[PDB]
Amino acid sequence: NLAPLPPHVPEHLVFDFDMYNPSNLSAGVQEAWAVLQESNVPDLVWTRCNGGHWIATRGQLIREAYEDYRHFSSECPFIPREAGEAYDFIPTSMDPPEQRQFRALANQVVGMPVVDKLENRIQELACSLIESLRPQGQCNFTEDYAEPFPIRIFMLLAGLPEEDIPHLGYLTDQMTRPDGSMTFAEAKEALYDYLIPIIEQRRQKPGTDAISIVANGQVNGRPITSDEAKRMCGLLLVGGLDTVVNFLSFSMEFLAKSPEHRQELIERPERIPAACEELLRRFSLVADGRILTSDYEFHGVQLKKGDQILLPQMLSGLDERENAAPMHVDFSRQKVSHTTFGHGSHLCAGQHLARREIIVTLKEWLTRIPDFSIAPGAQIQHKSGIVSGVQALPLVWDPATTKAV
Ligand code: HEM
Ligand SMILES: CC1(C)[C@@H]2CC[C@@]1(C)C(=O)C2
Ligand SMILES: [K+]
Ligand SMILES: [K+]
């Protein structure tokens, strides 16, 4: 279902990539996006899929565009257009300098000092979930660990009841990987209708949870509005529920297939932080973008005002111009170059939380269950969208080779 080619786009720049269903998905989602980096494809192309939009395919262009918010605005950062237009999360729907005072409040609530404060709980929950699974000799990693570990920590941080998880998980899925049951607008409104009473309750009687802090914070000398707090909390929910969850499945699926990579981390745990970076590169999973604020010529290509451009955070680290043998996982890379948490002013606010969750998962899983694999015959399906993911991940192991700590 292609949209008619706009008159300003030359035919040689056409490449009909569908970000929500790439043709190569059976081979792995990162591999499916990497077709955009074969020699037949220009640096910057127009797809007629999903309403019609640009895609930058090279790390250099993606970084440049994310830096230049003057031409590439966050006002409409999602494809398709209806989703980008409905999208009003704070601070991600704002350009500098407006984004600034909000970014600082996001940092207050999900930044380093909060992570450092919650580290014990993070550690506690990983060990608990893992020990609980360990003697089973099998699990569905997506539902058995990948979801509850990051999500319960986020609900803990936000002071929200775990009973609300399935509902919230549904709405977030719809926003990043639309199935078609509901528009982005409807999904957002459902999410906001959940947030609205909570925020109100918390402006009246402040707590110490992230939502209380946001809803009672200050921006530009004045109190945050109930509407702004809602737009900010909505983003935090999305980030909390649908990023690390999906990334953990990619990493664990990989580790299920490489005993030598496992042993590398088991023998020298100080390598785990670098390994985290490398897995973040190889299994990068986000792709949003920007909208053109005016007519602009960018690397020889005529862009028109209102044109959307997808700037896949996923592609920069897979670009062979940034990393040699990009599809190989090499914990010893002298520089892991990537933009997995993004680039420019909107560089992920929760990246420290995410790394902590990944680093804890790697160490605690490999300690107790050093030897595991994918269930025999099992076929792993990836899904693609604004955030790519794993449908299911059946793992198996012999409990005789596992360890309680
Ligand atoms: C592996 C995990 C994660 C990845 C790959 C990721 C990716 C990203 C990316 C690419 C952006 C920039 C989007 C843009 O430029 O439009 C972003 C922004 C953001 N993320 Fe993350 N994220 C992760 C985890 C989290 C978590 C756990 C949170 C917790 C709340 C979070 C909260 C945020 C927030 C608040 C922003 C907005 C920053 C701003 O606009 O100033 N992220 N993330
Ligand atoms: C693109 C993102 C990963 C980033 C954090 C959540 C997300 C879906 C957003 O809307 C901003
Ligand atoms: K290309
Ligand atoms: K918008």
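Colleague: Got a sec to walk through the environment of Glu-31? Specific residues and values, please.
Modeller: Residue placement: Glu-31 occurs in helix α1 (residues 29-33). Remark: the alpha-carbon pair of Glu-31 and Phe-283, spanning 252 residues in sequence, is separated by 9.8 Å. Look past the residues within four positions of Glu-31 in its chain and what remains in contact with it is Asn-24, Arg-282 and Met-327. Among the polar contacts made by the side chain of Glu-31, one reaches the side chain of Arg-282 at a distance of 2.8 Å.

Colleague: So what's going on with the site of ligand 1? Which residues, and what values?
Modeller: As a structural note, the neighbourhood of ligand 1 is formed by 24 residues, with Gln-99, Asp-288, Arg-290, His-346 and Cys-348 the closest of them. Here an oxygen atom of ligand 1 and a backbone polar atom of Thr-92 are 3.5 Å apart. One of the side-chain nitrogen or oxygen atoms of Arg-290 is found 2.9 Å away from an oxygen atom of ligand 1. When residues of the shell around ligand 1 are traced back to their parent elements, those giving at least two are α4 (99-110) and α11 (226-241).

Colleague: Outline the coordination of the potassium ion (ligand 4), supporting the account with residue identities and numerical values.
Modeller: Distances from the potassium ion (ligand 4) to its protein donors, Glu-75 (O), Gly-84 (O), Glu-85 (O) and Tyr-87 (O), fall within 2.6 to 2.9 Å. Its relative accessible area of 57% is what places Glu-75 among the exposed residues. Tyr-87 gets classed as buried once you look at its relative accessible area, which sits at 5%.

Colleague: Can you explain the pairing of strand β1 (residues 44-47)? Please cite residues and give values.
Modeller: Here β1 shows no split at all, with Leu-44 and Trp-46 on one side and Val-45 and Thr-47 on the other all buried. As paired strands, β1 and strand β2 (residues 53-56) are joined by 4 bridges and run antiparallel to one another. Counted as the bridge partner of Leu-44 is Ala-56 from β2.

Colleague: Please set out the coordination of the iron atom of ligand 1 residue by residue, giving values where relevant.
Modeller: Counting protein donors to the iron atom of ligand 1 gives just one, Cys-348 (SG), placed at 2.5 Å. Within the fold, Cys-348 resides in the loop between α15 (313-318) and α16 (351-368).

Cut-offs used in this document
- Residues numbered from 1 in each chain as written, not as in the entry; some residues may be left out.
- Chains lettered and ligands numbered in written order.
- Heavy atoms only, no water.
- Helix = DSSP H or I, 4+ residues; strand = E, 2+ residues; numbered from the N terminus.
- Contact = heavy atoms within 4.5 Å.
- Polar contact = N/O pair within 3.5 Å; in protein donor to acceptor, adjacent residues only side chain to side chain.
- Near = heavy atom within 4 Å.
- Donors = N, O, S within 2.8 Å, 3.2 Å for Na, K, Ca; no water.
- Buried < 20%, exposed > 50% of the residue type's maximum accessible area, 1.4 Å probe, protein only.
- Pairing = 2+ DSSP bridges.

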